[PDB]
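Colleague: experimental structure and sequence below, a few questions after.
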Amino acid sequence: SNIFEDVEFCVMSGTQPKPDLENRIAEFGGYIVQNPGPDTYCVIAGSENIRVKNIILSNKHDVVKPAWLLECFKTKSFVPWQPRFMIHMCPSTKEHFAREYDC
Amino acid sequence: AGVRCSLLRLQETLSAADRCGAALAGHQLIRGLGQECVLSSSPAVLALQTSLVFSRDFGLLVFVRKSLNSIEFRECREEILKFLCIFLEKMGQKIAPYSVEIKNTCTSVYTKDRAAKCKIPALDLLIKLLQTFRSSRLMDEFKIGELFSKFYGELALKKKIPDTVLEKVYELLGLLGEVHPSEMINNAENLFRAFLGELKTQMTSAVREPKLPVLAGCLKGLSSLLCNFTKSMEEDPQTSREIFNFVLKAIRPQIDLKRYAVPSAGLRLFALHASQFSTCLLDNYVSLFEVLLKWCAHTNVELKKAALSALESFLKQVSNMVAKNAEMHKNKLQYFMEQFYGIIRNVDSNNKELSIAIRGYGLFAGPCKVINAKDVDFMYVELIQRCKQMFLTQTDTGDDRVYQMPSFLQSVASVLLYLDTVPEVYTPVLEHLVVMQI
Amino acid sequence: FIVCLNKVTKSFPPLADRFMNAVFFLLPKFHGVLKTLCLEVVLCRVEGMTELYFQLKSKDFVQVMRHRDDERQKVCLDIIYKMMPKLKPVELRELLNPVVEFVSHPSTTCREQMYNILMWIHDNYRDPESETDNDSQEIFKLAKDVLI
Amino acid sequence: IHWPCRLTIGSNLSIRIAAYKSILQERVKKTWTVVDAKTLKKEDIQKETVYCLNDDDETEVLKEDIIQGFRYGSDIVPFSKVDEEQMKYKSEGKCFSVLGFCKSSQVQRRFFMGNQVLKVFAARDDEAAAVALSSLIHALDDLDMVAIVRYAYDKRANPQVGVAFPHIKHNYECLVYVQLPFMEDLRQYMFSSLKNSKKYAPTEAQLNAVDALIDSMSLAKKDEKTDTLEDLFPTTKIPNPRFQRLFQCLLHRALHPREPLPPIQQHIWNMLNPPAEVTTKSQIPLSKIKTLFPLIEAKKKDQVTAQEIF
Amino acid sequence: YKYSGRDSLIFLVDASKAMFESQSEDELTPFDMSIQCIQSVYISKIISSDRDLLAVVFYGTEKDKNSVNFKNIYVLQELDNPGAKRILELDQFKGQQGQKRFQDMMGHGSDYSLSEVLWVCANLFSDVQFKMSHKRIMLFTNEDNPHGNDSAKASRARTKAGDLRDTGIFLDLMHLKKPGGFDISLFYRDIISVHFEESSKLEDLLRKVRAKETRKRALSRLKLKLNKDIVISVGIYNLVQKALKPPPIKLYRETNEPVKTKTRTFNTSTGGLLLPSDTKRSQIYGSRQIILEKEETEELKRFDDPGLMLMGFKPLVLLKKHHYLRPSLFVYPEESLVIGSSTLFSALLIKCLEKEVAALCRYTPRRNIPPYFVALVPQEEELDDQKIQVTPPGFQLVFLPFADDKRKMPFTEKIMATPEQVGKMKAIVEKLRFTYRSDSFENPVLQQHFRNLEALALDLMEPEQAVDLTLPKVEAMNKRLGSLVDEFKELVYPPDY
DNA sequence: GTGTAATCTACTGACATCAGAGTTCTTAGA
DNA sequence: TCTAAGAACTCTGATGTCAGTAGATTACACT
């Protein structure tokens, strides 16, 4: 898969094998980032860690369901994000959803 | 040849589990490899060893470059680079197809590892590799300029760099100029400033104990550096003066130095490049000459070997120096021609010290001919009767020839080198002595 | 401590036993020339201790044996020798797996000790009382092969 | 700095308290500016810092790719800075609140754990407050107790616990505060004792010798029958020789262009040394010492004089 | 003991069907008790003594793994420096589902032999390479008779245990819990160094303490010289230090690697690189600029050869506590340098204590340092409570302040109190007493930082959010003092705030 | 020369520590 | 009508320290 390349992730949790989450991402080539800076696309976590609680306490990132990326792996095509695919969103996505969602 | 199996197992050791345990197995495995393939003698099997050691799909260099992330293999890296060092000697210049890869291994290891125990040998191998591959065109493809860049940068990382690794760093910055002067043409002056300055700090100290080994490295690097990029009769009162007074400072053992690297290296500096300092030599002639003779007899064999060369150079440079001008009479006819004369004529000193003394009687044949011709033949005489009493001793076995007639022949050569006439009446004696030496 | 003990035992086996627990416990710690001395102390009395094979595999005696250090290897093969009559076969197999390695080694003395080991194997295991012990058969085969 | 704070005792007895600093290891005012040789311009040098990964000397971008970690045993936690402010232990603020009162000897001279010693005085112009504090002070004094108060300069500063010592001067009563250790700070050591001196054995000759000594060299002796001893070494009024040397050096380096530095001015050394009279009294007692103890050798070191001429 | 040596504690739990599922009641579980103990002590050691060694090994199990391939012994994690990747492993077993995992991975609890178990632990301590300061083994069992059946196994056990006692290893078991069977004279009176069903010694191993320690490390050894001829060998040790948080380390985003800072200094006029020689120090006074050699900028401090310079002696009333400067240090002779000097140290100590007077001196802790004036106030030992060291005997180091420190106070006038309100304040101050022990409190900051560290390390659901004695217990002061605040309001307070 | 000692000097882990630099607060303040 | 200067504290980075370890260097020594 030459799709997830140029797209940079953050598998902050996952233990579904967590170290295999990024591996599956790796044959898809998704750019693997251990700690999300302002550049990264979104953050992926199979549960909540205290760092997850942090990045919730600072909305500067987009926080995702575990199942969503698996579905995009089972679409053989990136599935752009949808309300269920998230478990928290950033203020840029919230202002976008103030155009794009019922409240 | 078990080298192949042993090596094969070495790359296995990379992936074993108990890394802190796989380490010991690997380390004495590589020691076994070294012992096996340094002993080898058959010029056939030796090639097989070499091509397995520097092999690619496996082999010692790939083992280093790939076992370099871990810290559990410090001892293994150490031994593997040491074994490279020995190998490089054992098959000098044959390794020619692998020199580039060895250099990349050396620089890689120096950049990566932390503990000095692996850096010291790493730099050592570059020192050996450079020192042995001077002539060949291989020299151009070490990208020596980049090497100077990298290590010059290393010289400025807040001086955290440990002591011995710093001494070797200075060694390499030095010998780097020597091996390939052409690439250093625009960088040398900076390096001179570096060495001069850091030497100043490290030996013109005020509070800090002299980092002795650092100093030894510094001035030896300086020695290597002067081989090209000379520094005499150009900006002498600054540049040469600093170098020289530092050399004096090194030579002088203002206290009994129980360790010997510093004086030894200093003597070597003076020996190989008194040609630069010829101007200022006469300034301190008394002190220099005194210190050198007094230094000529300590027990350290390497030190004695340094001392004799030093005196030889001193006398030679002084002798060349007087041959140009007529004020240094109050120098020879006040200090030299009397002190070494008094050595010969009175002492019961060492054989070696006697030899250097006779040398000294010679090397000043020049000034003798400049000042008074009528003494030249007189000293010729005196020397040849010295010969006549040192060869006709009627078979004094084991004591008399031991170190002498080499010297006397050296001397008679020196003196005849400036005789105007020929004392033909004495001449046949001379060639009789020559035959005796033969 | 090891040096003192070695110098003691070098003319007196018996005293070792009282300290040999420590002798073993300290074994894997040391490296270098003192290792030789430690295993020498082990040698001085190897003929008596029961369950020495277990205690000896404890420290990596197999991996200890592989090291290129002539004296260390000589004492190690001698250790092998003396404990030969007492060790059960199922593990003499694993123990001879690295002994057989020393066919290629250069220390002539070391090879002499090897061949002594394998001589003894061959002499005392020829045609074992029971064929069922495939371990015994394999040991005999390997010994024969190297001795040939 | 006039620091005012609310001396808090209980939840309903706030008192405005004015905090002041008493003793602080003074640091020289302005640092040695680093300047380039032979040009002597400050602006010509950049102490720039660069962060580089260990692999192949890859240079990492200065101030947005590095996130701080911590060591927890073998591995490194990727902590951060944002998470730092989100989890750091907050606090209300000044919170100079009295935890309690305790005996003098309940705290000891040794244990003071301070950077600096505050002086704890009344916010001016509120007399009733001042007398209230004064009541506090006397009461602690005669009853010979001390106070232990949570202290904090402000937010974003680590809190702090230590003694509130109360002080009296005929011009004014005083209250002073010193850091006293938190538990993690205290250390414990065995220190094999001495009165088991079966190997040291201070014989009576040595004993009364040292008696004669410590009496003889008494740096202080009563004067004026007022028991104000011969404290002609107050050390309290004595200028810090460090600063003396520093200003002297700056001088001689100014009044002259390049010249080698001087030695210590003899008046400084006279200043630091004890007043002569003690030295005069000292020779005989030490003289008797030298014959009454064993004094096996020791070692020494070197300098540039290790290879400096003359 | 040998400093580089380290403290090593191996852990060893009875893995039989014995206590894997005793659960007589429904409030605890002996395995869930031991695992809690191990997790707790191990996390405590993480922060506490991060350099030490721990190991966990269960015995009697059905699966097998050890160095020697014995039967029924499983080394869960070998002796290694503590780390998270191990607390994770232990936690994997904490729980009813956790105990299901434990039983279905290694075994319900097979037959065993503590003789062999001790053999195993012995080999473990042997295998390590670093030097070991103390070596301690903790059983976690309750079968107070390991086996009453095959006595030969018991004889072998006593033999080997005596050996381990002789090889330099101690051993200790905390009797966890058994219905009855809560005795140590049955087979262990000769093993460990009256009795009941639960161990007090295991209670504190849950106390969860998390400071850190350093051993008897001399801060600096300097030679106290009475005069220019008599010198004694003193070790300046330290007894309070204000532990700051462990200094953080810089890491890369994408890989959490170390980042190896590389600060340097270089030219602005050209892209050159100033080597350390090529810099000068400078000040600005009197509108004129100043130059010194970098060597000189430290030469400007050389004042005295390192050591201590005792001048005189001084009446302890005069060393006023009012002018503390830095934490004090401690003085105690080091026999190593000047042999016998300990005698003179003792002499000074005894005599000064007897004649109740200080000893003033000049302190040059290291080269290149200006001297300060410090007093050698002697200290008597105290042991009374349990004959254990409390205040070590010797001299203190009260640094005496310098004139540049007094910080002249902004003079204000005094107003004495009236004996009435001070007479009541006597009652106030009496009421709120409390004995202050030295180790009463903790840094909330250091403690919470360490906590948050474990929190992030172990992927916990929550930070621990420690509650720390530093904050006052407000209701206690409101209550135990009574409403006397209004009393002092009506005594010495008018309407204004 | 050759070979074995004895022993100085190194490096490192680790721990204190000055200084240096980043940061919030009062006065004097267009 | 408000803008710097110091303050202060904390934090970071080097410098120097101490114990330990072990290497290589240097003395000693062989009839």
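Modeller: Cool, got the structure. Residues are numbered from 1 along each chain as shown, chains lettered A, B, ... in the order given.
Colleague: tell me which element the residue in chain A that chain C sits nearest to falls in.
Modeller: Nearest residue of chain A to chain C, counting by Cβ to the nearest Cβ: residue A:19, 31.4 Å away. All C-beta atoms are positioned from the backbone trio N, CA, C, and that covers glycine. Take DSSP states H and E as the rule and residue A:19 turns out to sit in helix A:18-27.
Colleague: which of the residues in that helix are buried?
Modeller: When neighbours are counted by 16 or more other Cβ atoms under 10 Å in any protein chain shown, the buried residues of helix A:18-27 are found to be A:18, A:21-22, A:24-25.
Colleague: and those as JSON lines, adding distance to residue D:5?
Modeller: Shown next, in JSON lines, are the buried residues of helix A:18-27 (distance: Cβ to Cβ, whole Å):
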{"residue": "A:18", "distance to residue D:5": "50"}
{"residue": "A:21", "distance to residue D:5": "53"}
{"residue": "A:22", "distance to residue D:5": "53"}
{"residue": "A:24", "distance to residue D:5": "59"}
{"residue": "A:25", "distance to residue D:5": "56"}
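Colleague: next, give phi and psi for the residue in the stretch 51-200 of chain E that chain A sits nearest to.
Modeller: Nearest residue of the stretch 51-200 of chain E to chain A (Cβ to the nearest Cβ) works out as residue E:88 at 9.6 Å. Dihedral pair for residue E:88: phi -60, psi -50, per degrees, to the nearest 10.
Colleague: I'd assumed residue E:454 was in contact with it.
Modeller: No - with contact defined as Cβ atoms under 8 Å, residue E:88 does not count as touching residue E:454 (11.9 Å).
Colleague: so for the two, which residue has more residues nearby?
Modeller: residue E:454 (20 against 13; other Cβ atoms under 10 Å in any protein chain shown).
Colleague: just say helix, strand or coil for residue D:146.
Modeller: Under DSSP: H, G, I helix; E, B strand; the rest coil, the three-state class of residue D:146 is strand.
Colleague: which residues does it bridge with?
Modeller: residue D:102 (DSSP bridges).
Colleague: please enumerate the helices of chain A.
Modeller: A:18-27, A:50-57, A:66-73, A:91-100 (DSSP state H).
Colleague: likewise for chain C?
Modeller: Taking DSSP H as the test, the helices found in chain C are C:2-9, C:15-25, C:33-43, C:52-58, C:61-65, C:70-82, C:89-99, C:108-125, C:134-147.
Colleague: now for those, which one comes closest to chain D?
Modeller: helix C:61-65 (25.1 Å).
Colleague: CA atoms only: put the helix or strand harbouring residue E:344 into PDB for me.
Modeller: Following DSSP H and E, the helix or strand that holds residue E:344 is helix E:341-355. Coordinates of each C-alpha in helix E:341-355 appear next as PDB, following Å, rounded to 0.1, in the frame of the first residue of the first chain:
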ATOM      1  CA  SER E 341      45.100  11.600  63.200                       C
ATOM      2  CA  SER E 342      41.800  10.100  64.400                       C
ATOM      3  CA  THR E 343      43.300  10.400  67.900                       C
ATOM      4  CA  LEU E 344      43.800  14.200  67.700                       C
ATOM      5  CA  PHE E 345      40.400  14.600  66.200                       C
ATOM      6  CA  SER E 346      38.900  12.700  69.200                       C
ATOM      7  CA  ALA E 347      41.000  14.800  71.500                       C
ATOM      8  CA  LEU E 348      39.700  18.000  70.100                       C
ATOM      9  CA  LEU E 349      36.200  16.700  70.100                       C
ATOM     10  CA  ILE E 350      36.200  15.500  73.700                       C
ATOM     11  CA  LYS E 351      37.900  18.600  75.000                       C
ATOM     12  CA  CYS E 352      35.800  21.100  73.200                       C
ATOM     13  CA  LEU E 353      32.600  19.400  74.200                       C
ATOM     14  CA  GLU E 354      33.900  19.400  77.800                       C
ATOM     15  CA  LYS E 355      34.700  23.100  77.700                       C
END
